[PDB]
RNA sequence: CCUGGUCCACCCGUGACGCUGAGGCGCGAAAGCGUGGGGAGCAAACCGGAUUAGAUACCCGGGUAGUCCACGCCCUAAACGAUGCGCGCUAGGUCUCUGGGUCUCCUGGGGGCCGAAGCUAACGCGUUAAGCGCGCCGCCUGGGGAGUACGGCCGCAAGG
RNA sequence: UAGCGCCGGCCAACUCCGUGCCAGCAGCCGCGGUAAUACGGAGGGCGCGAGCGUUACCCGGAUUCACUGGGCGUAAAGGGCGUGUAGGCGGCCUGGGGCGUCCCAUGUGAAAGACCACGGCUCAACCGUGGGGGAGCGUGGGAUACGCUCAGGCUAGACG
Ligand SMILES: [Zn+2]
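Residue numbers (the entry's author numbering), protein chains in the order written: chain H, 1 to 138; chain B, 7 to 228; chain E, 5 to 154; chain D, 2 to 209.
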């Protein structure tokens with residue numbers, strides 16, 4: 001059974017870029033949407049729209065890449081270099097505000113989920129809150 | 007120059023041995039054969055030919071390479087027309103990575119041409135004569151067109167990219183631009199300037215190259 | 005200009021009938037202490053000859069290293085199949101902290117302060133190689149903005 | 002056993018001139034003059050490539066041997082230099098140059114460093130008015146390091162200051178020869194030191 | 001004749017009822033144990049024949065248990081894909097068993113070989129993953145000593 | 001007053017002689033059978049200095065018990081297979097509660113220690129004085145994404 005939604009999402013995204021897809025479908029949800037709101041907002045991905053996939057509601061996430069390389073194997077610098085659920089089910093990891101992690105000397109980001117909204121590290125720290133640390137993307 | 011809608015010649019070649027990455031350049035399958043979408047080949051030609059004008063008038067050098075049996079008698083022709091170098095007979099591994107080691111082979115031709123004009127011919131052992139006569143023989147095959155290469159070429163014009171993926175490999179590593187007349191079986195993801203089209207067909211190779219060269223010349227003003 | 009820096013030389017062996025014909029191996033690091041480091045691995049029948057070759061290889065493929073005031077713009081773990089290397093930027097004064105190999109390579113990258121850590125198989129060669137890919141992955145806060153464009 | 006033994010043997014091992022004797026380490030003979038090869042039967046021998054530790058080692062030594070301090074104190078300094086905010090290296094040097102004995106050297110009241118220590122342990126050195134015999138005393142900024150009233154009439158000190166008419170004093174220090182006094186203005190900066198050392202190599206050394 | 005699993009199509013019905021799974025219970029090749037039946041062929045042990053320096057073997061002729069049947073016990077194994085179960089995700093080519101389709105082609109499930117990305121110490125793996133991932137169980141933590149010793153549990157015993 | 005360890009690799013420090021798989025060294029790899037930078041003395045050298053070595057023991061190197069931060073095709077490692085117990089874990093939308101969870105305020109978190117700063121004893125060790133920090137828990141106030149729970153609704157999982 002699908003055990004972890006978000007991980008499946010993140011993982012659909014990774015698994016795509018690696019093979020360089022223009023876009024990737026993914027079952028939709030009032031949260032997976034909120035996370036995706038950030039990926040676009042930050043710039044890891046072009047964007048996303050609600051799409052009817054065989055009667056079922058999906059999210060077309062529009063992947064983004066870098067330019068065509070020189071010399072041999074011109075597979076473009078990936079925009080989303082790294083991405084992984086930090087907090088997993090059966091191991092949910094919550095963090096205090098003073099405890100929000102800096103990512104890649106601050107270059108990547110961290111998506112949490114606060115009682116105030118799905119946030120970035122920067123925004124979280126600005127708001128003075130913390131919570132379910134969702135994933136590391138950089 | 008530009009081409010017509012010459013569709014009575016290119017519209018696919020290979021059976022079902024294709025490379026999934028080529029999909030972007032196919033129309034559909036007919037009688038078990040892939041058919042290249044020409045409306046698209048026009049979009050690619052209009053760029054590749056741009057590159058060549060750029061090169062040409064900039065006074066550049068394009069190595070023509072095609073070891074295919076069918077393109078043999080064509081490659082020779084076309085290159086000869088610009089002032090372009092070309093690889094006809096067989097492509098020597100390293101004619102670009104190990105150029106300085108091969109260019110040496112070139113000088114060996116240079117030095118032998120000399121002896122077979124000078125007085126020191128019949129005068130000296132004849133065993134060596136034959137021995138030396140054969141060396142030119144072979145050189146006047148492989149190097150026939152490479153000779154024109156004073157230094158590594160600004161671009162390569164390859165015909166069957168998948169057959170010459172050695173040449174392509176090399177070039178790719180030395181950052182020399184790649185131009186190839188490609189199709190169904192190639193990895194477009196590695197050819198700087200593609201030209202999707204049939205190629206076993208003399209009628210195809212011939213057109214693709216002639217229109218290129220005419221571009222080449224009109225570029226320099228002749 | 006460029007300063008040679010030998011990492012290690014080993015004597016490798018073969019086997020023919022009657023003898024064990026030997027071969028030598030050299031690992032050299034090159035760089036200009038500004039921020040472009042090379043790295044060769046030359047094998048040759050004689051040692052002076054090996055290094056003389058390794059030297060060749062290195063100078064051919066360097067790595068432009070970003071340098072933010074002596075340190076590295078951001079940590080990077082880098083698996084090289086078997087070896088793993090950890091680069092983590094430090095503040096002026098702590099000075100380079102690695103081993104025989106990564107040190108050498110960073111030193112010529114002109115790095116000046118930094119915290120390393122080797123992990124897994126510690127094989128001079130691989131660790132070395134890793135340390136490169138490692139440096140090749142470094143990116144400036146500039147280089148990222150420029151990549152996440154629209 | 003705060004060392005004390007053959008001196009220009011070290012001027013020799015390091016390959017760098019070590020001003021350990023003041024006069025004489027200026028006359029054709031700090032030994033480095035005409036005999037740069039290190040001590041021992043093996044001085045004149047070809048020297049194999051110095052392993053990473055090796056270089057870090059000698060570079061630490063060059064520093065230590067310069068001020069002539071027992072490793073025990075050297076270490077301690079470095080330790081306390083790491084607890085301070087600032088550059089773990091330049092701050093080291095700071096304290097090092099903050100030593101009573103050393104100051105007397107820079108102030109010129111002594112031919113050399115060695116001679117400076119004695120000047121202190123025999124009490125010819127005033128500090129803000131009270132004498133001081135402990136060299137490990139750290140001079141704070143704005144201190145009046147002087148000479149013992151009693152010791153002013155000295156055949157030594159006297160011949161030294163006479164030399165100070167002509168030499169400039171460390172940029173971070175002042176001195177009134179006419180009154181055999183002198184102050185400590187501020188902690189000198191690395192860009193203000195002349196040492197032939199490479200701090201980074203010394204720091205690196207302590208992380209093994 | 002009695003009976004389990006399974007696949008496809010239609011998308012009809014329930015409405016998340018799901019995945020895993022300590023201990024437990026059941027199944028569990030071959031040999032082997034009890035009682036009874038049966039016994040053609042084969043064949044431990046055993047009886048002879050030849051081979052050899054010798055032959056307690058490899059070869060030849062016999063041959064009892066056993067091997068077949070019932071009920072009961074035993075429960076191990078290179079019990080191997082030497083690869084736990086379940087879900088999603090990531091180029092293809094080809095051969096094959098099988099179901100639906102508008103059937104020179106599409107579409108589902110299964111078995112093979114080649115192979116993208118990727119992984120891998122390498123061999124290799126590669127939509128039948130040894131790839132990217134989530135859940136849950138099982139197990140490993142230098143070789144020999146030892147799968148021994150002790151203890152307990154099991155079994156008629158052999159033993160496990 | 002000056003001593004003690006060390007000078008094959010790790011590991012900074014190399015020669016002569018004695019010796020001859022002996023005598024002996026030795027943390028590990030090893031050294032020694034007449035050419036020993038590895039035994040024994042010597043010169044010389046390195047390191048440290050009223051100390052230097054040694055043995056013992058703790059943490060470290062060891063991400064070699066792996067939360068951080070490991071693994072199981074062949075390196076040690078998937079349970080012989082299934083069944084399902086307890087447990088762990090679980091799909092989409094809406095609302096309530098707000099237990100986990102996050103923010104705030106507050107009491108507590110003695111002193112000494114550690115830390116920063118200033119000072120005391122000619123320095124320092126030692127000591128004083130002042131400042132700052134904190135996890136955990138108590139109470140009060142707040143938030144509601146996500147987990148939990150209750151409610152209602154769905155059909156993409158499952159089942160018919
Ligand atoms: Zn001197």
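For every residue, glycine included, the Cβ atom is placed at its ideal position computed from N, Cα and C.
Start-to-end residues for the beta strand (DSSP E) that takes in residue 121(D): By 1-based counting over the fourth chain, the position of residue 121(D) is 120. First-last for residue 121(D): 114-122, but that is the alpha helix (DSSP H), not the beta strand (DSSP E).
Bridge partner(s) assigned by DSSP for residue 40(B): Here the question's residue 40(B) lines up with position 34 in the second chain. Answer is 35(B).
Terminal residues of the alpha helix (DSSP H) in which residue 140(E) lies: As a working mapping, residue 140(E) is identified with position 136 in the third chain. Unbroken alpha helix (DSSP H) run through residue 140(E): 128-141.
Cross-chain neighbours of residue 104(E) in chain D, by beta carbon under 9 Å: As a first step, residue 104(E) must be located in the third chain, where it is residue number 100. Chain D residues near residue 104(E): 52, 53.
Meets three-Cβ-pair contact criterion under 8 Å: the region 102-115 of chain B and the region 6-19 of chain E: no
Reference residue 112(E), options 146(E), 67(E), 86(E), closest by Cα: As a working mapping, residue 112(E) is identified with position 108 in the third chain. When each option's Cα is compared against that of residue 112(E), the closest is 67(E).
N-terminal and C-terminal residue of the alpha helix (DSSP H) that residue 82(D) is part of: Translated into positions along the fourth chain, residue 82(D) becomes position 81. Residue 82(D) -> alpha helix (DSSP H) spans 72-83.
Residue 112(D) Cβ short of 7 Å to ligand 1 heavy atom set: For the purposes of this step, residue 112(D) is taken as residue 111 along the fourth chain, with counting starting at 1. Answer for residue 112(D): no, Cβ out of range of ligand 1.
CB contact below 8 Å: residue 47(H) versus chain B: Position 47 of the first chain, counted from the start, is the residue given in the question as residue 47(H). It does not; no Cβ of chain B falls within 8 Å.
Three-state secondary structure (DSSP) of residue 42(D): For the purposes of this step, residue 42(D) is taken as residue 41 along the fourth chain, with counting starting at 1. Three-state DSSP puts residue 42(D) in coil, outside helix and strand.
Continuous alpha helix (DSSP H) stretch holding residue 105(E): start and end: For this step, residue 105(E) is matched to residue 101 along the third chain. 104-113 is the extent of the alpha helix (DSSP H) around residue 105(E).
Residue 108(E) to residue 4(D) span [Cα, whole Å]: Here residue 108(E) corresponds to residue number 104 of the third chain, with the count starting at 1. Here residue 4(D) corresponds to residue number 3 of the fourth chain, with the count starting at 1. Approximately 35 Å between the Cα atoms of the pair.
Distance CB(residue 101(D))-CB(residue 138(D)) smaller than 8 Å: Position 100 of the fourth chain, counted from the start, is the residue given in the question as residue 101(D). Position 137 of the fourth chain, counted from the start, is the residue given in the question as residue 138(D). Yes, Cβ-Cβ distance for residue 101(D) and residue 138(D) is below 8 Å.
Test item: CB-CB of residue 74(E) and residue 59(E) under 8 Å: The residue given as residue 74(E) occupies position 70 in the third chain. The residue given as residue 59(E) occupies position 55 in the third chain. Going by C-beta atoms, residue 74(E) is not nearer than 8 Å to residue 59(E).
Inter-residue CB distance, residue 63(B) and residue 225(B) (contact presumed, cutoff 8 Å): To locate residue 63(B), count along the second chain from 1; it is residue 57. To locate residue 225(B), count along the second chain from 1; it is residue 219. Correct: roughly 5 Å between the Cβ atoms.
Cβ neighbours of residue 48(H) in the same chain (closer than 7 Å, five flanking residues each side left out): Here residue 48(H) is taken as the residue at index 48 of the first chain, counted from 1. So the list reads 36, 40, 59, 60, 61, 62, once near-sequence residues are dropped.
Check: residue 8(D) C-beta below 7 Å from any heavy atom of ligand 2: For ligand 2, the structure offers nothing, since it holds only ligand 1.
Element boundaries [alpha helix (DSSP H), containing residue 58(E)]: Mapped onto the third chain, residue 58(E) falls at position 54. Looking at the DSSP string, the run of the alpha helix (DSSP H) that includes residue 58(E) is 51-64.
Residue 152(B) versus 172(B), 186(B), 111(B), residue with shortest Cα-Cα distance: Residue mapping note: residue 152(B) aligns to position 146 of the second chain, counting from 1. Of the candidates 172(B), 186(B), 111(B), the one whose C-alpha sits nearest the C-alpha of residue 152(B) is 111(B).
Buried or exposed (CB count within 10 angstroms, at least 16 for buried), residue 151(D): Start at 1 with the first residue of the fourth chain, and residue 151(D) comes out as number 150. That one is exposed.
Own chain residues within Cβ distance below 8 Å of residue 63(E), not counting five before or after: Counted from its first residue, the third chain places residue 63(E) at position 59. Contacts found: 6, 34, 42, 44.
For residue 47(E), the nearest candidate out of 39(E), 56(E), 148(E) (CA to CA): For the purposes of this step, residue 47(E) is taken as residue 43 along the third chain, with counting starting at 1. Answer by Cα proximity: 56(E).
Neighbourhood of residue 192(B) by C-beta, 6 Å cutoff - its chain only, sequence neighbours within 5 removed: Residue 192(B) sits at position 186 when you count from the first residue of the second chain. The answer, listed in chain order, is 167, 168.
Short CB-CB distance (under 8 Å) between residue 71(H) and chain B: Numbered from its first residue, the first chain carries residue 71(H) at position 71. By this cut-off, residue 71(H) is an interface position.
Selection of the region 74-94 of chain H by Cβ proximity to chain E, strictly under 8 Å: 77, 79
Residue 46(D) beta carbon near ligand 1 (any heavy atom closer than 7 Å): Walking along the fourth chain from the start, residue 46(D) turns up at place 45. Checking every heavy atom of ligand 1 against the Cβ of residue 46(D), none is found closer than 7 Å.
Extent of the continuous alpha helix (DSSP H) run through residue 95(D): The sequence position of residue 95(D) within the fourth chain is 94, counting from 1. First-last of the alpha helix (DSSP H) with residue 95(D): 91-97.
Within chain E, partners of residue 43(H) - CB distance below 8 Å: Taking the first chain and counting its residues from 1, one reaches residue 43(H) at position 43. Neighbours of residue 43(H) on chain E, chain order: 152, 153, 154.
With 16 other Cβ atoms within 10 Å as the buried cut-off, status of residue 127(B): Taking the second chain and counting its residues from 1, the one referred to as residue 127(B) is at position 121. It is exposed - the Cβ of residue 127(B) has fewer than 16 other Cβ atoms within 10 Å.
Contacts of residue 179(B) in chain H (Cβ-Cβ under 9 Å): By 1-based counting over the second chain, the position of residue 179(B) is 173. Ordered by position in chain H, the residues that pass the 9 Å Cβ test against residue 179(B) are 71, 72.
The region 117-125 of chain B in contact with the region 162-182 of chain B per 3-pair CB rule at 8 Å: no
Chain-order list of residues whose beta-carbon lies under 6 Å from that of residue 70(E) (same chain, five-residue window excluded): On the third chain, residue 70(E) is found 66 positions in, with the first residue counted as 1. Taken in chain order, the residues that qualify are 77, 142, 144.
Counterpart residues of residue 221(B) in DSSP-defined beta bridges: Position 215 of the second chain, counted from the start, is the residue given in the question as residue 221(B). Answer by DSSP bridge pairing: none, since residue 221(B) is not bridged.
Counted within 10 angstroms of its Cβ, other Cβ atoms place residue 31(B) as buried (16 or more) or exposed: Looking up residue 31(B) in the second chain gives position 25. So residue 31(B) ends up on the buried side.
Extent of the continuous beta strand (DSSP E) run through residue 62(H): Counting from 1 along the first chain, the entry for residue 62(H) is found at position 62. Counting along the chain, the beta strand (DSSP E) containing residue 62(H) begins and ends at 56-63.
In chain order, each beta strand (DSSP E) run of at least 3 residues that lies wholly inside the region 146-203 of chain D: none
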